[PDB]
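Heavy atoms only: backbone and side chains are in, while hydrogens, waters and symmetry mates are out. In what follows, every chain begins at residue 1, and chains take the letters A, B, ... in the order their sequences are listed. Each ligand, and each atom within it, is numbered from 1 in the order the structure gives.
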Amino acid sequence: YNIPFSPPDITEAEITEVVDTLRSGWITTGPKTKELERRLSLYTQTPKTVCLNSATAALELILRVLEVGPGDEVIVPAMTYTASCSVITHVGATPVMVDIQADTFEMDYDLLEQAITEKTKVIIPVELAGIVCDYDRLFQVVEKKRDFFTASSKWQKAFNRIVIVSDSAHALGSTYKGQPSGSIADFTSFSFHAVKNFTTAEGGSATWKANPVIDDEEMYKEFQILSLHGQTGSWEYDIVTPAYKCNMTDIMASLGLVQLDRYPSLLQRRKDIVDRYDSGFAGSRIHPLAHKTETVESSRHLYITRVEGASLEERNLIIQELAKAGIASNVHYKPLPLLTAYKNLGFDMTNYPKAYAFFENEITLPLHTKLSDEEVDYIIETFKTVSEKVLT
Amino acid sequence: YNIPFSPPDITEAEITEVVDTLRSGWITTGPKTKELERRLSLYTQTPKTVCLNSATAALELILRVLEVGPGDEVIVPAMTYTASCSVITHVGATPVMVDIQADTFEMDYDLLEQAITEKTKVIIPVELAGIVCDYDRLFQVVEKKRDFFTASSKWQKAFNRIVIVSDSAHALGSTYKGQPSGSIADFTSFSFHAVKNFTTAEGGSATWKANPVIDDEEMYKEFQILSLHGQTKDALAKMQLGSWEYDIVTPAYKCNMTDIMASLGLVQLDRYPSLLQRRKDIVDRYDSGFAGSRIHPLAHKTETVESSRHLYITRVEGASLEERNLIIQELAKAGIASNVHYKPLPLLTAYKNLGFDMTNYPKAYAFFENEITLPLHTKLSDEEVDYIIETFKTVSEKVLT
Ligand SMILES: *Cc1c(COP(=O)(O)O)cnc(C)c1O
Ligand SMILES: *Cc1c(COP(=O)(O)O)cnc(C)c1O
């Protein structure tokens, strides 16, 4: 066994669709990107979707639309990927980190209330492993602190509150109380990066739920303008703002079209693998995050586990013992304050003890659609034997 | 029959290379991007090349490596594409626009000297249509104003002068006094966008000429770090069998090139000398066609320059703004797509809103007023060129009194 962590799942159907684009007159943004956006909108139950070159691009663009900028604050969990936070610093806003709960990755929503100020413009929860956050709660928090809010831009007037922007890089296809991810938070960004559930090798999207206060075409145009240098017998164009360059090509969209056709089948397989893993670890010290709750049906992107009674050293040893057995594994995630970039900005790990405690004993097992049932069986058994073995 | 301005030139060889990447374990950055960077470095005579997802990305990262920022100034010509200027505002620097000469797109190098201040960190000349700028002159200017300069970052100490950063979006393959574009200016960004000479549909690169004061590996690593979220991994974690552990040194960007785009680039680069030759043949046919007429093309062959021949920029003698715009619409009625390179930056809403005023760059405006760009791409047949030549001549004269 040599089990990789997240190989891409690409078949001939994807290759023929890309080849088709390469024989067309449209190799960058064109008809298949528009078609992809249409079909993703239907899938996520949103009116419009903007397809871009990364989820990092989408998330940033969302901030840029809301015109979040210097002196504004944006709240992120301490336990997340660097990308959710980096974009806050790109627009010149100030990140505010919120520690997490004891038995989940989700922010402590009391600490979230306490973190909110008159500067607070946006909250970016992360839908880690595909597991969507407690949005009933999150929407209660922003309504509750709604008098703190003052709208300093066009779109901030439309909402008269903190905008909730979902980092659903892991959560295309997840649902919360039966609704698709993308239709829950005010804005949502998705990732189609090589290692994600749905891939275009590099890509992503921004979308937003139906809301009477948003003209959808106008919002789409605004995203488009910012993604293509601010540009608006037809030679003549103007440039309204010296903007960015993060459009999606029809090469990536071709991949996306086919992935989206195959996607219900990929999800089902990831359900089967997660359920086998779940049975395997029941009764053991290995405690997976739950992909099926009363409110959530996860996309089942990552098999996040934590090992009861493991220290930092013991965890790091377990991972290296897993690789000796031919099992690649990962850690999601170092809390942001462990990272040099965020220490240099004054964030300190001792302020987020729960985030640190989640990270210390966390191990992510392979969860992708090229795993065989026998490989899963092998992972279950080896992980159990290796954990117990890590001993003195 | 209807002639497009810039269709992409893609063959089966490109398609088989992309398919090959799509069957590999590497669909984003991987072995073919590294190989592309290696082969482009050889082609441009530079030690290293960083392949990215746009020339806009490359140009901005060059500025971010030089740590050009708030309170610094960066000089660009008034006659250029918005991308050359936008990246200045992205790093928080202040753009300074310089008007151009009377008979070419190049900046007026006297006005350039006059524009330079103690804040001036970078000059971004544009190699318009593939025509490389007068770099002997440009380097004379920055040496001449070298006492104005004070170095407020690591790489600004390495140079102790204004850094010259070539916008060669149009100029992969162009040469200035026999040297490739990329080896002339201090840094150079290239574009592999769909409509460019060499395409990856979307893409580009940053490179830099050999200079004793630059550790090339260190400069590469710095670009790489900024293109991939600031992520690094130490020697220890890389050696370990499970190499999970990484640090993030700076909350950086996301503009790496995939091996899908690199696959395109590898094949394009093989086919490139042949694409260049064809663009030479088309330009020469056009050149003969317009000789003696009121249609005046920019020259792709000078005593110092052999252009890549990316755009057939022309200006029509004695045409006003209205007459030009009418000529272009008459060209489309005849089935000939055409374009304008470029509206001077100060005509654009974004740059007016930042206080730039068109009346300060009268030569830039005068270049734009009567400029028309004809199709110049490797899907044009000789008969289509013949047709363009004749129609453009007849339509221009038609537009009389
Ligand atoms: C991968 C990832 C992103 C950014 O995705 P890209 O498409 O690579 O920009 C953002 N957030 C999270 C949680 C991720 O895992
Ligand atoms: C197209 C272009 C750019 C930027 O190219 P991308 O690869 O689209 O970022 C920059 N400068 C000039 C002159 C261009 O034509």
Which residue and heavy atom of the protein sit nearest [atom], plus the separation:
atom	answer
atom 12 (C) of ligand 2	B/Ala169 CB, 3.4 Å
atom 7 (O) of ligand 2	B/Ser191 OG, 2.2 Å
atom 15 (O) of ligand 2	B/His170 NE2, 2.6 Å

B/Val126, portion touching ligand 2 at heavy-atom distance under 4.0 Å: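 The part of B/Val126 near ligand 2 is the side chain, not the backbone.
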
Part of B/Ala83 with heavy atoms under 4.0 Å of ligand 2, whether side chain, backbone, both or neither: side chain

Selected option - heavy-atom contact closest to [atom], from [options]:
atom	options	answer
atom 3 (C) of ligand 2	B/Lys196, B/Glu202, B/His341, B/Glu127	B/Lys196
atom 13 (C) of ligand 1	A/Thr82, B/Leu228, A/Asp167	A/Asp167
atom 9 (O) of ligand 2	B/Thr56, A/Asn247, B/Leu311	B/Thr56

Donor-acceptor side-chain pairing of A/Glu202 and A/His193 below 3.5 angstrom: yes

State yes or no: are the ring centers of [X] and [Y] separated by less than 6.0 Å?
X	Y	result
A/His90	B/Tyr253	yes
A/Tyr333	A/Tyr81	yes
A/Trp208	A/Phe223	yes

Trace of the side chain to side chain donor-acceptor pair (under 3.5 Å) decision for B/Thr232 with B/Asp247: CA-CA 5 Å; B/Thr232 53; B/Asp247 188 24; 4.8 Å; no

Any A/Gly203 heavy atom less than 4.0 Å to ligand 1: yes

Residue portion contacting ligand 1 (non-hydrogen atoms closer than 4.0 Å) for A/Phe190: neither

A/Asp250 vs A/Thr29, side chain to side chain donor-acceptor pair (under 3.5 Å): CA-CA, chis, key distance, verdict: CA-CA 5 Å; A/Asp250 266 20; A/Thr29 307; 6.0 Å; no

Euclidean distance, A/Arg64 CZ relative to A/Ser227 OG, rounded to 0.5 Å: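 Here the rounded value is 13.0 Å.
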
Ligand 2 contact by B/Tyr342, heavy-atom criterion under 4.0 angstrom: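 Judged by the 4.0 Å heavy-atom criterion, B/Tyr342 does count as contacting ligand 2.
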
Parallel, tilted or perpendicular, as decided by the 30° and 60° cut-offs, for the rings of A/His170 and A/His332: perpendicular

For A/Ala55, the ligand 1 atoms whose distance to one of its heavy atoms is below 4.0 Å: 4 (C), 5 (O), 6 (P), 7 (O), 9 (O)

